[PDB]
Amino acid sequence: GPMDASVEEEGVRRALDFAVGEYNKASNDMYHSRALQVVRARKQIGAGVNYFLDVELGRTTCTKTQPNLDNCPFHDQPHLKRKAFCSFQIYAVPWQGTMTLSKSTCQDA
């Protein structure tokens, strides 16, 4: 590879959800962050599948306790949305049930 990939693919969508779940698990935020736009998606196939995803992330108005995490709009104030630009590397071995986050790097966008 790395050939191009698309958020239209199941694997990319599954990996993006994994990555954002991890990002949230690691955060000190009281609030759920979620993916705004997938900017670039590449995948490399071999021993497993390596997904490389570049993503804009934003803070939402829902808390992490909030039992529902699915009608969660982004903050409308820039200094509260705090848009971030993220590069994720996901190593998945789907035929063995493995999915791990190799690399996660986020700067302010």
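Numbers for residues come from their place in the sequence shown, where the first is 1.
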- Entry B factor averaged over C-alpha atoms, 5-13 against 90-98: higher for 5-13
- Between 73-81 and 59-67, which has the larger average Cα B-factor in the PDB entry? 59-67
- Message: Maximum C-alpha temperature factor per the entry, among 30, 35, 49, 41, belongs to which one?
- Response: 30
- Query: Ranked by Cα temperature factor within the chain, is residue 45 in the lowest third, the middle third or the highest third?
  - Reply: highest
